[PDB]
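Novice: Sequence first, structure after, both from an experimental entry:
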Amino acid sequence: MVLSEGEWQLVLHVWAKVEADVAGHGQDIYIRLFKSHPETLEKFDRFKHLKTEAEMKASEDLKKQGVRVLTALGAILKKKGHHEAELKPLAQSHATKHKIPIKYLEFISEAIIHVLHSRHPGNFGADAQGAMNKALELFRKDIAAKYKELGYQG
Ligand code: HEM
(Lines give C-alpha, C1' and ligand atoms only; values in the text may rest on other atoms or scores of the structure.)
Protein backbone atom coordinates (compact mmCIF):
# COMPACT_ATOMS: atom_id res chain seq x y z
CA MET A 1 0.00 0.00 0.00
CA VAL A 2 1.03 3.61 -0.57
CA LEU A 3 -0.06 6.88 1.02
CA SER A 4 -0.47 10.03 -1.04
CA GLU A 5 1.52 13.16 -0.17
CA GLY A 6 -1.76 14.67 1.01
CA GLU A 7 -2.29 11.83 3.47
CA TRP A 8 1.29 12.11 4.75
CA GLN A 9 0.73 15.83 5.28
CA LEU A 10 -2.27 15.12 7.51
CA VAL A 11 -0.23 12.60 9.49
CA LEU A 12 2.77 14.87 9.97
CA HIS A 13 0.61 17.88 10.79
CA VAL A 14 -0.96 16.27 13.84
CA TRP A 15 2.35 14.61 14.72
CA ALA A 16 3.90 18.08 14.93
CA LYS A 17 1.43 18.80 17.76
CA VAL A 18 2.30 15.55 19.52
CA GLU A 19 5.95 16.60 19.42
CA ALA A 20 5.21 19.65 21.57
CA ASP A 21 4.89 17.20 24.49
CA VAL A 22 6.35 13.79 23.67
CA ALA A 23 6.54 12.59 27.27
CA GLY A 24 2.93 13.49 28.03
CA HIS A 25 1.56 11.78 24.94
CA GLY A 26 3.62 8.69 25.72
CA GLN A 27 2.09 8.42 29.18
CA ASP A 28 -1.45 8.85 27.86
CA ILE A 29 -0.89 6.20 25.19
CA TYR A 30 0.52 3.64 27.63
CA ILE A 31 -2.24 4.20 30.17
CA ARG A 32 -4.86 3.76 27.43
CA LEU A 33 -3.13 0.61 26.18
CA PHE A 34 -2.75 -1.02 29.60
CA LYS A 35 -6.29 -0.19 30.73
CA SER A 36 -7.94 -1.37 27.50
CA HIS A 37 -5.73 -4.44 27.01
CA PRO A 38 -4.22 -5.44 30.40
CA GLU A 39 -2.54 -8.49 28.86
CA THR A 40 -0.05 -6.21 27.08
CA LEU A 41 1.37 -5.05 30.42
CA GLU A 42 2.62 -8.59 31.07
CA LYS A 43 5.13 -8.18 28.24
CA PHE A 44 7.00 -5.48 30.19
CA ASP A 45 9.07 -7.14 32.91
CA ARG A 46 10.02 -3.71 34.26
CA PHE A 47 6.44 -2.44 34.55
CA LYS A 48 4.19 -5.48 35.01
CA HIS A 49 3.97 -4.75 38.75
CA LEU A 50 2.08 -1.46 38.28
CA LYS A 51 -1.43 -1.91 39.68
CA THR A 52 -3.22 1.39 39.03
CA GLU A 53 -3.33 4.33 36.64
CA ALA A 54 -1.93 6.44 39.48
CA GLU A 55 1.17 4.25 39.72
CA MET A 56 1.54 4.36 35.94
CA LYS A 57 1.46 8.17 35.85
CA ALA A 58 4.05 8.31 38.64
CA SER A 59 6.47 5.89 36.98
CA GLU A 60 9.50 7.81 35.75
CA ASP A 61 10.75 4.72 33.93
CA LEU A 62 7.46 4.26 32.07
CA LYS A 63 7.56 7.93 31.05
CA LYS A 64 11.09 7.52 29.68
CA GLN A 65 10.06 4.38 27.81
CA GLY A 66 7.15 6.21 26.20
CA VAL A 67 9.51 8.89 24.92
CA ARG A 68 11.73 6.24 23.32
CA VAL A 69 8.72 4.64 21.65
CA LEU A 70 7.24 7.84 20.25
CA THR A 71 10.64 9.06 19.09
CA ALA A 72 11.17 5.82 17.16
CA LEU A 73 7.67 5.96 15.68
CA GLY A 74 8.07 9.61 14.76
CA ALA A 75 11.29 8.85 12.89
CA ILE A 76 9.48 6.16 10.92
CA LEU A 77 6.51 8.38 10.06
CA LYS A 78 8.81 11.15 8.87
CA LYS A 79 10.32 8.79 6.29
CA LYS A 80 6.92 8.76 4.59
CA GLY A 81 7.07 5.07 3.71
CA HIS A 82 10.82 4.82 3.04
CA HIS A 83 11.43 3.23 6.43
CA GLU A 84 13.23 -0.04 5.61
CA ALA A 85 16.36 0.83 7.62
CA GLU A 86 14.42 2.02 10.68
CA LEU A 87 12.20 -1.06 10.74
CA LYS A 88 14.99 -3.66 10.80
CA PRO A 89 16.25 -3.21 14.37
CA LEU A 90 12.73 -2.64 15.67
CA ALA A 91 11.40 -5.80 14.04
CA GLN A 92 14.32 -7.88 15.28
CA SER A 93 14.02 -6.80 18.91
CA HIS A 94 10.24 -7.08 19.07
CA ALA A 95 10.08 -10.46 17.36
CA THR A 96 13.13 -12.10 18.93
CA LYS A 97 13.68 -10.46 22.31
CA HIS A 98 10.31 -9.06 23.41
CA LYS A 99 8.08 -11.45 21.44
CA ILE A 100 5.33 -8.98 20.58
CA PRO A 101 2.47 -10.39 18.46
CA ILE A 102 1.04 -8.31 15.60
CA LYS A 103 -2.22 -8.21 17.56
CA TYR A 104 -0.52 -6.10 20.23
CA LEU A 105 0.78 -3.68 17.60
CA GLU A 106 -2.86 -3.28 16.57
CA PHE A 107 -3.79 -2.54 20.18
CA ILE A 108 -1.19 0.20 20.55
CA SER A 109 -2.26 1.65 17.18
CA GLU A 110 -5.78 1.91 18.60
CA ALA A 111 -4.45 3.64 21.72
CA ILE A 112 -2.51 6.15 19.60
CA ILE A 113 -5.61 7.00 17.58
CA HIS A 114 -7.70 7.33 20.75
CA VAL A 115 -5.26 9.77 22.36
CA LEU A 116 -4.84 11.90 19.23
CA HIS A 117 -8.63 12.07 18.86
CA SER A 118 -8.95 13.18 22.50
CA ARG A 119 -6.14 15.75 22.54
CA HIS A 120 -6.21 17.15 19.00
CA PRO A 121 -9.81 17.14 17.73
CA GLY A 122 -9.21 20.18 15.53
CA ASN A 123 -6.32 18.46 13.78
CA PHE A 124 -7.74 14.96 13.89
CA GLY A 125 -10.97 15.03 11.94
CA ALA A 126 -12.20 12.06 9.90
CA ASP A 127 -9.79 12.55 7.01
CA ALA A 128 -6.79 13.00 9.31
CA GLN A 129 -7.74 9.90 11.32
CA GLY A 130 -8.08 7.92 8.11
CA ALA A 131 -4.61 9.02 7.06
CA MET A 132 -3.08 8.14 10.44
CA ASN A 133 -4.79 4.75 10.37
CA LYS A 134 -3.37 4.14 6.89
CA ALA A 135 0.13 5.09 8.06
CA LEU A 136 -0.11 2.75 11.04
CA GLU A 137 -1.50 -0.06 8.89
CA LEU A 138 1.47 0.35 6.53
CA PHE A 139 3.79 0.21 9.54
CA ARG A 140 2.14 -2.99 10.81
CA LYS A 141 2.12 -4.57 7.34
CA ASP A 142 5.83 -4.00 6.84
CA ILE A 143 6.73 -5.09 10.38
CA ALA A 144 4.67 -8.26 9.89
CA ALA A 145 6.60 -9.00 6.70
CA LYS A 146 9.90 -8.59 8.54
CA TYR A 147 8.62 -10.78 11.38
CA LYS A 148 8.10 -13.59 8.86
CA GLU A 149 11.59 -13.14 7.41
CA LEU A 150 13.02 -13.29 10.94
CA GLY A 151 11.20 -16.53 11.77
CA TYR A 152 8.48 -15.16 14.06
CA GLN A 153 4.81 -15.80 13.25
CA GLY A 154 3.73 -12.83 15.35
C1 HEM B 1 4.17 1.94 18.20
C2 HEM B 1 4.85 0.55 18.07
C3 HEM B 1 6.11 0.38 18.89
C4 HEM B 1 7.30 1.04 18.79
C5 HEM B 1 7.73 2.14 17.83
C6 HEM B 1 8.16 0.49 19.81
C7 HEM B 1 9.46 0.91 20.03
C8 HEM B 1 10.32 0.43 21.00
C9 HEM B 1 11.68 0.90 21.21
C10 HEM B 1 12.35 1.97 20.39
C11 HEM B 1 12.17 0.18 22.25
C12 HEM B 1 13.57 0.27 22.86
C13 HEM B 1 14.65 -0.53 22.04
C14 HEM B 1 14.29 -1.84 21.59
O15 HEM B 1 14.23 -2.74 22.51
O16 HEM B 1 14.01 -2.11 20.41
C17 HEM B 1 11.12 -0.71 22.68
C18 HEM B 1 11.21 -1.63 23.73
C19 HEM B 1 10.21 -2.53 24.15
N20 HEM B 1 9.00 -2.67 23.55
FE21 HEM B 1 8.28 -1.60 22.03
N22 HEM B 1 7.52 -0.50 20.54
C23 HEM B 1 6.26 -0.57 19.99
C24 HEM B 1 5.27 -1.44 20.43
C25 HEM B 1 5.36 -2.34 21.46
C26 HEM B 1 4.25 -3.14 21.95
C27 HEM B 1 2.85 -3.09 21.39
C28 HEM B 1 4.76 -3.89 22.96
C29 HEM B 1 4.09 -4.92 23.89
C30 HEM B 1 2.62 -4.79 24.39
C31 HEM B 1 6.16 -3.55 23.09
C32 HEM B 1 7.05 -4.10 24.01
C33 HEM B 1 8.34 -3.65 24.28
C34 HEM B 1 9.16 -4.14 25.37
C35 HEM B 1 8.71 -5.20 26.34
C36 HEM B 1 10.32 -3.44 25.30
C37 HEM B 1 11.54 -3.49 26.18
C38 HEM B 1 11.36 -2.46 27.39
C39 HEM B 1 12.36 -2.53 28.37
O40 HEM B 1 13.57 -2.31 28.09
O41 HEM B 1 12.04 -2.80 29.57
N42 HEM B 1 6.53 -2.59 22.18
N43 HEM B 1 9.99 -0.56 21.91
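Specialist: Sure, I can see it. Numbers count the residues shown, from 1 in each chain.

Novice: make it CA atoms for all contacts and neighbour counts henceforth
Specialist: Will do.

Novice: Could I get the buried residue list for the helix or strand hosting residue 75?
Specialist: Counting by DSSP states H and E, the secondary-structure element that holds residue 75 is helix 60-77. Taking 16 or more other CA atoms under 10 Å as the basis for neighbour counts, the residues of helix 60-77 that come out buried are 62-63, 65-67, 70-71, 73-74, 76-77.

Novice: contacts for it?
Specialist: With contacts defined as CA atoms under 8 Å, 6 or more residues apart in numbering, helix 60-77 is touched by 11-12, 15, 22-27, 30, 47, 56-57, 83, 86-87, 135.

Novice: what's the answer for stretch 109-122, then?
Specialist: Here stretch 109-122 makes contact (CA under 8 Å, 6+ apart) with 14, 17, 25, 28-30, 32-33, 124-125, 129, 132-133, 136.

Novice: Just the buried ones from these, in ChimeraX syntax?
Specialist: A single ChimeraX command suffices to select whichever of these are buried according to 16+ other CA under 10 Å:
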select :14,25,28,29,30,32,33,124,129,132,133,136
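
Novice: Turn the contacts of stretch 109-122 into JSON lines, columns for distance to the ligand.
Specialist: As requested, those are exported to JSON lines (distance: CA to the nearest ligand atom, whole Å):
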{"residue": "14", "distance to the ligand": "16"}
{"residue": "17", "distance to the ligand": "17"}
{"residue": "25", "distance to the ligand": "12"}
{"residue": "28", "distance to the ligand": "13"}
{"residue": "29", "distance to the ligand": "10"}
{"residue": "30", "distance to the ligand": "9"}
{"residue": "32", "distance to the ligand": "12"}
{"residue": "33", "distance to the ligand": "8"}
{"residue": "124", "distance to the ligand": "18"}
{"residue": "125", "distance to the ligand": "21"}
{"residue": "129", "distance to the ligand": "16"}
{"residue": "132", "distance to the ligand": "12"}
{"residue": "133", "distance to the ligand": "12"}
{"residue": "136", "distance to the ligand": "8"}
